[PDB]
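K.L.:
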Amino acid sequence: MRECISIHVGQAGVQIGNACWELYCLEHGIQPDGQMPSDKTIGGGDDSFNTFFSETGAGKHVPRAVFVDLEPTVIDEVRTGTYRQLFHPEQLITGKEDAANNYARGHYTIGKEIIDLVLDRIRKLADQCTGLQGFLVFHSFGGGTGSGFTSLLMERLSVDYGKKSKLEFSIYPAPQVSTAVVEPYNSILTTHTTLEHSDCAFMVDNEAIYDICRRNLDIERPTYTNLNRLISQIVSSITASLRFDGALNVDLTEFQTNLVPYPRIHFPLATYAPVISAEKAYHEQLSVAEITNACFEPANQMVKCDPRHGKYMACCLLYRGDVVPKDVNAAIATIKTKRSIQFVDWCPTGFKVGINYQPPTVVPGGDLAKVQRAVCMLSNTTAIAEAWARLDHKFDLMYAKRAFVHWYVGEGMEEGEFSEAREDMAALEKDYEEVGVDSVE
Amino acid sequence: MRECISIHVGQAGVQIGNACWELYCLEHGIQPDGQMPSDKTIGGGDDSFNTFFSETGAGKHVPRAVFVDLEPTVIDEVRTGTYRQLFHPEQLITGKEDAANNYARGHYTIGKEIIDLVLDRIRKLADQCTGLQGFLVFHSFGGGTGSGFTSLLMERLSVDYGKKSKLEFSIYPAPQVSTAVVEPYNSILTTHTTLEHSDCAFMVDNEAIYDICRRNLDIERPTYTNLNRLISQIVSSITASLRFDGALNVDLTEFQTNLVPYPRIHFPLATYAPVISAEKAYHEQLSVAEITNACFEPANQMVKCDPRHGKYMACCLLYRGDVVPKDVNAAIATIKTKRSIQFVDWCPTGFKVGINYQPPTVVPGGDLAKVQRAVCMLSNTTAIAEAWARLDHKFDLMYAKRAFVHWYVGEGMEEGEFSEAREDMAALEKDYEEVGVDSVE
Amino acid sequence: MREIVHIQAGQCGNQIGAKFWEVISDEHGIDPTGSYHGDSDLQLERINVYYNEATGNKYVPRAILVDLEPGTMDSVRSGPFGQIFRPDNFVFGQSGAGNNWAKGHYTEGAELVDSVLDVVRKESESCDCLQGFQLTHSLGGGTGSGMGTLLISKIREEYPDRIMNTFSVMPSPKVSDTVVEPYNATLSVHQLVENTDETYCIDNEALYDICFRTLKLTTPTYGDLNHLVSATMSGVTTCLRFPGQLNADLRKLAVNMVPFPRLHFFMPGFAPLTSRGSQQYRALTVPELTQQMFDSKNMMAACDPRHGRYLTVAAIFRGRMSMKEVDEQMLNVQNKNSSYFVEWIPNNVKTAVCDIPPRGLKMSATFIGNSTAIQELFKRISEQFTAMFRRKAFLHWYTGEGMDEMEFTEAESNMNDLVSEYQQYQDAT
Amino acid sequence: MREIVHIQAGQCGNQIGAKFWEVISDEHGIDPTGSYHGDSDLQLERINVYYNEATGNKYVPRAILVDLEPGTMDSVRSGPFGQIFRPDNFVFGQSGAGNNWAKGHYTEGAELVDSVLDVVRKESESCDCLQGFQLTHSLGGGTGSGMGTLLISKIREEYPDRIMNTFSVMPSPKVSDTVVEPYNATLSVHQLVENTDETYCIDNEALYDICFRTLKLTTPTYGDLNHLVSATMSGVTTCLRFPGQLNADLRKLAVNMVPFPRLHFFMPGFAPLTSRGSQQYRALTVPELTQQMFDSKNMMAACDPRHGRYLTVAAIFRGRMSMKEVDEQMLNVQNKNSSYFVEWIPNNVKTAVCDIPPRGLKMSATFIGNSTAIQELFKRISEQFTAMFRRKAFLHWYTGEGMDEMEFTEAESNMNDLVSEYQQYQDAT
Ligand SMILES: CC(=O)O[C@H]1C(=O)[C@@]2(C)[C@H]([C@H](OC(=O)c3ccccc3)[C@]3(O)C[C@H](OC(=O)[C@H](O)[C@@H](NC(=O)c4ccccc4)c4ccccc4)C(C)=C1C3(C)C)[C@]1(OC(C)=O)CO[C@@H]1C[C@@H]2O
Ligand SMILES: CC(=O)O[C@H]1C(=O)[C@@]2(C)[C@H]([C@H](OC(=O)c3ccccc3)[C@]3(O)C[C@H](OC(=O)[C@H](O)[C@@H](NC(=O)c4ccccc4)c4ccccc4)C(C)=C1C3(C)C)[C@]1(OC(C)=O)CO[C@@H]1C[C@@H]2O
Ligand SMILES: Nc1nc2c(ncn2[C@@H]2O[C@H](COP(=O)(O)OP(=O)(O)OP(=O)(O)O)[C@@H](O)[C@H]2O)c(=O)[nH]1
Ligand SMILES: Nc1nc2c(ncn2[C@@H]2O[C@H](COP(=O)(O)OP(=O)(O)OP(=O)(O)O)[C@@H](O)[C@H]2O)c(=O)[nH]1
Ligand SMILES: Nc1nc2c(ncn2[C@@H]2O[C@H](COP(=O)(O)OP(=O)(O)O)[C@@H](O)[C@H]2O)c(=O)[nH]1
Ligand SMILES: Nc1nc2c(ncn2[C@@H]2O[C@H](COP(=O)(O)OP(=O)(O)O)[C@@H](O)[C@H]2O)c(=O)[nH]1
Ligand SMILES: [Mg+2]
Ligand SMILES: [Mg+2]
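Residue numbers (the numbering used here), protein chains in the order written: chain A, 1 to 441; chain B, 1 to 441; chain C, 1 to 429; chain D, 1 to 429.
1) Spatial neighbours of residue 39/D within its chain, please: CB distance less than 7 Å, with the 5 preceding and 5 following residues excluded, ordered by chain position.
2) So is residue 391/D in contact with chain C if we call contact Cβ pairs under 8 Å?
3) Under 8 Å, Cβ to Cβ, is there at least one residue of chain C near residue 203/B?
4) Whose CA, out of 400/B, 387/B and 394/B, lies closest to the CA of residue 428/B?
5) Along the segment 158-179 of chain D, what residues have a CB closer than 8 Å to any CB found in chain A?
6) With respect to the alpha helix (DSSP H) encompassing residue 153/D, which residues constitute its N-terminal and C-terminal limits?
7) Which of helix, strand or coil does DSSP assign to residue 61/A?
8) Using the beta-carbon count (16 or more within 10 Å), is residue 335/D buried or exposed?
9) Helix, strand or coil for residue 296/B per DSSP?
10) Cβ atoms of residue 98/D and residue 144/D: under 8 Å apart, would you say?
11) So, is the C-beta of residue 95/C closer than 8 Å to a C-beta in chain B?
12) Does DSSP put residue 443/B in a helix, a strand or coil?
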């Protein structure tokens with residue numbers, strides 16, 4: 001049976017893992033103590049699907065999850081919370097000190113000597129599965145372990161596994177609001193191994209989801225509990241075809257074939273249709289043509305990024321629930337008519353529709369409610385290049401002044417590592433200028 | 001199905017929208033909470049017609065209405081009144097300050113930056129409809145947002161929609177009674193975009209409906225609740241053929257073909273037959289020849305305007321209820337005999353009869369009652385030119401003294417805008433002097 | 001046998017047409033479901049003409065409905081006979097004409113004529129032999145004036161040898177239910193001179209006159225004006241459907257009734273029209289029907305027939321008669337009215353005698369007459385037209401849809417040549 | 001008697017195939033357990049064709065299922081007819097193709113074709129004589145495009161003299177459910193020119209069109225597009241299974257229908273398709289079926305048939321008919337459409353008349369036609385292909401599985417030669 005290995009890294013990765021595994025346990029019926037008392041009433045069905053859940057003989061279910069953060073403070077919430085007895089008790093903590101927001105403590109100093117517990121734990125976990133693999137990595141750019149330790153975890157998993165698909169779901173630094181002053185240093189050093197090893201890098205952002213939680217959801221004070229559920233609804237309908245029974249399922253290998261033209265332009269900028277309130281769950285039809293047109297306006301992109309100032313290359317409409325496959329093509333010939341939704345010449349096909357027909361469920365405790373259908377559009381546009389130039393500019397403004405850099409080179413890393421990461425991002429931004437421009441004859 | 005988009009603007013537009021949507025909900029059977037418990041007893045009929053009402057799957061009905069006023073004080077009556085849960089919760093308020101009665105705050109200062117919410121909301125509303133469109137705009141001249149913000153809303157909807165019919169129902173400043181001293185400045189600047197963009201401008205007035213509420217209805221103290229119902233009875237029988245089953249229906253495109261000779265003389269001066277009391281609902285036959293002869297006397301025009309001092313060009317008799325089409329032609333050959341009811345040479349056809357046969361209903365709470373038939377005559381006469389010369393004279397008397405004008409040019413607008421709006425109204429009044437005069441040979 | 005296709009354009013067209021297929025049905029004895037439950041076997045021999053068969057004993061009219069712009073759709077469907085028309089025939093679009101000619105002939109007509117003629121050809125080849133293309137349309141309006149004469153430009157093009165009768169409701173001198181109406185008559189008579197073999201000029205005033213001056217009806221509704229038109233519409237094709245003693249097709253009329261190829265604008269009459277319960281003070285005989293047919297207050301075109309000379313007329317008699325009283329009553333009228341006819345034609349009146357009356361009546365008739373008195377229906381419009389066109393009054397709703405000013409002067413030149421070729425034969429020589 | 005093996009590749013393949021064996025079952029009167037409970041004895045004579053016998057009175061289809069990569073496994077097993085297929089036939093692997101051609105033809109196809117052909121040979125030698133190898137696959141996808149044409153490279157190799165029909169669902173000009181789709185069509189038509197005798201070009205747009213323009217269905221699901229395909233799939237082998245008055249094998253079609261050995265891409269039609277309850281306003285006759293078959297809105301390949309000349313067509317009629325109305329309706333179409341056919345062929349249409357209708361119907365048909373209008377299905381892909389290939393757009397997911405750039409230019413050279421050998425006969429001479 002096809003399966004994934006969800007490897008959360010950092011505090012951002014573990015905090016998202018609080019709610020991704022809160023969502024999975026409610027869809028399948030698994031209580032916070034491993035049992036399945038929902039399907040015992042009916043008496044049939046293996047709904048704790050082996051994509052995400054190892055099953056032991058005593059009826060208990062164990063996830064495929066391992067997470068490393070180099071700080072006990074985050075995981076001790078998991079080891080004392082509601083999901084204490086659910087997970088396996090090897091949630092790898094062992095950090096005698098936090099990374100302190102740098103890539104050099106990090107890829108080199110304390111990420112090493114803890115990685116020996118990490119890779120052996122994945123080998124003890126990967127060898128229980130027959131069939132498809134895929135590493136669902138969860139981290140953030142800008143942090144210390146989400147940037148540094150993931151970079152060590154990719155070059156040590158692109159060797160012991162080779163050509164396996166790696167979907168890594170990174171939280172990207174916002175161009176206007178940054179919760180650290182050294183976050184432009186970490187989010188340029190982590191690109192040098194995201195570009196090489198991880199085949200598909202889902203970037204989301206915190207400011208573009210703040211506006212969604214204010215405008216659509218109408219929440220005036222959104223905490224980090226209410227942001228991570230919206231990423232959790234996205235991550236569910238990315239790996240929904242591996243579990244549920246759809247009319248057009250899209251495997252994790254079918255992303256790599258479709259979303260990714262060239263081996264170094266894999267940054268596809270997820271979206272969703274979260275216009276539930278749920279006061280506005282009435283007053284509104286929410287048909288197939290409605291939720292597909294939610295991707296038109298740049299007030300619903302999950303990244304602070306304007307798609308109208310760039311081409312598209314390839315999109316991937318992934319539906320949920322009561323979707324009829326006829327209504328989809330009405331909502332696609334419409335989009336290919338609109339002249340600001342701009343494509344390149346070299347991709348005339350455009351779209352790809354994955355219709356799963358299990359409806360998205362509702363986490364009790366807010367903040368949206370039971371809609372009958374959804375969409376998670378994944379589209380690598382050319383417009384993500386202007387989202388990086390507002391981050392190379394933050395790097396270059398404090399690289400001329402030689403600021404903050406004695407805590408990077410005084411931890412094992414050489415000071416020449418920074419310009420090696422600048423010559424990628426200068427040349428990787430140069431790649432998006434060529435691909436969007438068509439050739440004339 | 002054919003449909004309209006009712007866009008109220010200003011406080012005058014929203015206050016009329018309190019009673020236009022009070023009338024529609026009572027004819028079709030829709031309660032103030034979206035349901036239709038009237039037709040559930042019979043069990044058939046789609047009477048919540050899709051001209052005015054979007055239908056969601058939960059049985060609730062949502063109107064086609066959006067209204068912008070740049071002041072929260074007006075719409076917070078709607079958001080707390082009886083029609084709270086009926087409308088969609090995007091009733092666009094967002095004004096941190098009122099317009100303060102000028103065209104420059106207005107078309108330029110605070111009308112801009114709020115219009116970005118407006119046009120996108122219409123696009124989210126227009127793309128749910130297949131077939132006929134028509135923008136039922138509601139505003140007043142003289143005000144700040146009814147004059148200024150409508151002028152920005154017309155030049156931004158004559159580009160994103162092109163050639164769609166726009167029926168805008170303006171309340172015109174009375175020649176004797178004015179509730180503002182700067183109202184002659186606003187009602188000459190709003191003509192420069194009413195003349196160009198809005199294809200058909202229904203002018204009504206407050207003094208000519210005050211006399212109707214005193215003489216016919218016999219109400220000694222008519223508040224603004226009792227005036228807006230008489231406009232609501234007019235607006236119903238303008239867009240009655242789009243809903244109900246008549247013997248001669250008149251589409252909104254059939255107005256443009258008939259009422260409007262030349263592209264800049266579209267000002268047609270509505271009327272009605274409101275001689276109900278309802279003590280005088282007895283004592284009186286109210287036949288077809290009676291209610292058609294109500295347009296003869298200039299004590300029943302809705303504008304303070306004497307039709308006997310001008311020609312007519314084209315009329316449009318629109319009936320309701322128990323009308324037999326034979327009785328109409330008796331009441332028309334009569335009118336073509338009377339020598340003060342004067343036509344031009346170049347229109348020998350004259351009239352056009354639209355017989356809808358659904359009777360006009362009664363809003364409970366006064367002030368008229370159940371008559372069996374009605375008429376809403378729409379006739380662009382030459383006599384409206386003397387209704388403007390009593391407003392250009394109010395403009396010119398305080399333009400020589402350079403009064404009130406530092407709050408117009410000190411808000412972004414140039415002081416040269418005033419003479420550009422005078423050279424229209426001088427030349428537009430010059431157009432009515434040529435059309436009424438026949439050519440001799 | 002000889003088969004007819006009935007086309008309905010303009011909202012005036014199907015309203016006459018919905019009453020038309022109720023007169024035809026009760027004349028053949030056919031219920032709303034198409035099941036034949038007639039009295040005799042004599043009315044099954046030519047069901048083939050109007051009603052082609054279906055699977056189990058059911059009959060469907062060959063009725064194309066071009067005019068069901070959706071305000072009229074769910075009234076004709078939700079009517080008396082909405083369960084008799086074939087639902088693929090209901091051909092329409094959205095955003096109807098708007099009492100505009102150019103939005104019937106150039107813009108919305110061009111994006112609908114392909115969907116009509118894909119059903120016209122599928123109703124032609126389900127037939128042994130066609131001759132008839134009845135088009136019930138009206139001048140003055142939108143669809144009935146621009147799109148009604150767009151199909152005749154196409155159907156005569158794909159069928160140059162079919163009898164094309166168009167029962168054309170015309171404007172009035174006083175009853176003006178359309179302000180743009182002298183444009184939709186000038187631009188449509190320009191099409192109906194070139195492209196029809198016969199066309200019947202029917203007005204509403206002479207239908208309002210009969211329901212007051214003769215039938216004494218209190219409130220004549222729109223159903224009771226169409227019930228008089230349809231009694232002529234089933235009176236021209238009577239000899240097609242029923243046996244007789246002197247038959248007349250839609251072509252023995254339109255070879256006799258028309259001298260010159262442009263002079264084919266007819267005025268239809270009907271008799272007996274009278275007002276009663278079951279006590280009426282008269283006697284239905286052949287000289288009784290004759291005086292009422294020729295009476296100037298029982299035309300339908302609303303012109304005075306004694307102002308001009310009849311070119312030739314056709315009296316399609318029905319019921320059981322005697323041919324001597326037919327051929328001698330048609331003689332004495334022609335002699336008493338020697339100036340009221342054309343002198344230089346041998347015999348003006350022809351006769352057509354069927355053998356089956358209507359259901360309730362004992363005898364009936366139909367006066368179809370070609371007269372020079374219809375010069376008045378074309379002079380009034382051509383005075384109303386050149387009054388509007390001189391000022392260029394309503395033209396920016398037409399030139400803004402693709403037309404040119406040099407098609408308006410083409411259309412008034414054609415109608416002014418009919419008046420020239422009617423004033424000539426109205427004069428004596 | 002003559003026996004057929006049905007192979008199902010790609011996830012589009014068994015979804016059509018699960019509906020396919022439900023139409024075949026109800027045509028022979030066979031329950032989900034394979035127990036025969038039919039009405040007459042006339043449908044047992046050729047159970048041998050599709051259903052070989054089992055121990056106690058039970059029947060098993062000779063259905064190999066290559067495509068059950070395990071997302072589709074426990075839906076076809078847990079379906080209506082999961083208790084009818086032989087469970088050893090469910091041949092699959094792990095880690096399916098991924099909408100990749102090279103992961104269907106070179107990497108996972110090579111480690112599965114040995115396990116398929118070990119079941120193909122065990123279903124060939126349980127037969128008296130084979131002729132038929134039906135392959136229900138789809139272009140555009142993964143398994144259905146690389147592995148579906150890996151078996152045809154092997155099965156035609158081990159059987160050079162069998163009729164190889166592949167009912168190939170093709171890409172669309174607008175409906176793009178696959179971003180890589182102009183690669184999986186170019187690389188698979190390169191295989192299906194060399195290795196098949198006939199292949200039927202079916203699109204989803206012309207199946208979406210019929211369920212809206214003709215069948216008037218509100219929400220056509222994926223079952224109701226396969227229910228139209230399968231009504232053709234049981235319409236080619238009708239004369240094999242049932243007696244007739246002019247029989248036609250899968251080889252009398254594929255000797256007549258194909259002029260030159262590369263020109264074998266067909267477009268299938270079906271009639272009667274209409275939308276009703278139990279009240280429909282028509283009559284099932286032989287001229288009624290004919291106009292619908294040849295109608296341009298009842299193809300399935302989503303090209304305009306009036307853009308090109310039909311080379312030759314085959315009208316496989318069913319039900320009780322009359323051969324004069326068959327041979328004369330097929331004559332009048334060929335004369336009215338003298339430019340729409342090829343002039344330099346004597347008679348283009350052939351006829352095939354069986355004697356058993358479907359279950360509910362009285363008559364039916366199947367229009368299988370070889371046209372030059374299918375040049376449009378190959379020109380659109382060859383424009384979408386050379387747009388992607390010029391930039392070398394998606395090639396590193398294919399050359400990273402073993403291919404070379406000099407197989408892409410081989411595949412576009414072959415498809416561009418079909419368009420050259422279709423533009424020629426579309427021209428007049
Ligand atoms: C007791 C009796 O004899 O009653 C007569 C009758 O009184 C009179 C007044 C009838 C009556 O007609 C009308 O009053 C009338 C109403 C609307 C429009 C036109 C006429 C009659 O209603 C009409 C009816 O006509 C028919 O039956 C014909 O077949 C007629 N049918 C229809 O028009 C028709 C009506 C409803 C449903 C279906 C068909 C017809 C005529 C020509 C071609 C086909 C059919 C008849 C003779 C009568 C009544 C019943 C009172 C008259 O009309 C006709 C068409 O015959 C009006 O002047 C004639 C003279 C008749 O004597
Ligand atoms: C009262 C009556 O006569 O009902 C008809 C009917 O109304 C119509 C509309 C049927 C109906 O078909 C459909 O609506 C339809 C649905 C999905 C996909 C395709 C069609 C019918 O459902 C389909 C059904 O078809 C059959 O029975 C054939 O044997 C057909 N069987 C199946 O497709 C089938 C369906 C379910 C289970 C098993 C088999 C067939 C055709 C070719 C080869 C083998 C079998 C028929 C005649 C009818 C109904 C029942 C309404 C029509 O279709 C067929 C295949 O006959 C649609 O247009 C035709 C014309 C028929 O008159
Ligand atoms: N959405 C979301 N973002 C978070 C969360 N926690 C931190 N972030 C974001 O992640 C970035 C900081 O990285 P962290 O993950 O906190 O850092 P870390 O990986 O623990 O690394 P060090 O603390 O530096 O060792 C900032 O941009 C935060 O806004 C969370 O729970 N949800
Ligand atoms: N009939 C009617 N007239 C009104 C109403 N409210 C205001 N008016 C008239 O409208 C004019 C004033 O314009 P308002 O609509 O109040 O002004 P506004 O559009 O809100 O603009 P500012 O307040 O200037 O921003 C005066 O002539 C009033 O008599 C109403 O509810 N009904
Ligand atoms: N006799 C008759 N005349 C009609 C009817 N409806 C409209 N009219 C006349 O038709 C003309 C108006 O055209 P109409 O058919 O309604 O416009 P259209 O829908 O644009 O073709 C006027 O002269 C009306 O008096 C009807 O049902 N019967
Ligand atoms: N008619 C039909 N088409 C299908 C079905 N499933 C997928 N498709 C079409 O098949 C193509 C996608 O290929 P698919 O069979 O799902 O991929 P595969 O599993 O890799 O072979 C697209 O053109 C889809 O529209 C089906 O059940 N019926
Ligand atoms: Mg941390
Ligand atoms: Mg105000």
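Using N, Cα and C, we set each Cβ at its ideal position, and we do this for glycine too.
P.N.:
The structure says:
1) Numbered from its first residue, the fourth sequence carries residue 39/D at position 39. 29, listed in sequence order.
2) For this step, residue 391/D is matched to residue 391 along the fourth sequence. Answer no: the Cβ-Cβ gap between residue 391/D and chain C never drops below 8 Å.
3) By one-based count along the second sequence, residue 203/B stands at place 203. No, its Cβ sits nowhere closer than 8 Å to a Cβ of chain C.
4) Your numbering for residue 428/B matches position 428 in the second sequence. Checked all of 400/B, 387/B and 394/B; the closest Cα to residue 428/B is 387/B.
5) 174, 175, 176, 177, 178 and 179
6) Reading the fourth sequence from its first residue, position 153 is the one you call residue 153/D. That run of the alpha helix (DSSP H) goes 148-158.
7) Your numbering for residue 61/A matches position 61 in the first sequence. It is a strand residue.
8) To locate residue 335/D, count along the fourth sequence from 1; it is residue 335. Under this definition residue 335/D is an exposed residue.
9) Translated into the one-based positions of the second sequence, residue 296/B becomes position 296. Reduced to three states, the DSSP call for residue 296/B is coil.
10) By one-based count along the fourth sequence, residue 144/D stands at place 144. By one-based count along the fourth sequence, residue 98/D stands at place 98. No, the Cβ-Cβ distance between residue 144/D and residue 98/D is not below 8 Å.
11) As a working mapping, residue 95/C is identified with position 95 in the third sequence. With 8 Å as the cut-off, residue 95/C counts as an interface residue toward chain B.
12) In the structure as shown, chain B begins at 1 and stops at 441. Residue 443/B is therefore absent and cannot be evaluated.
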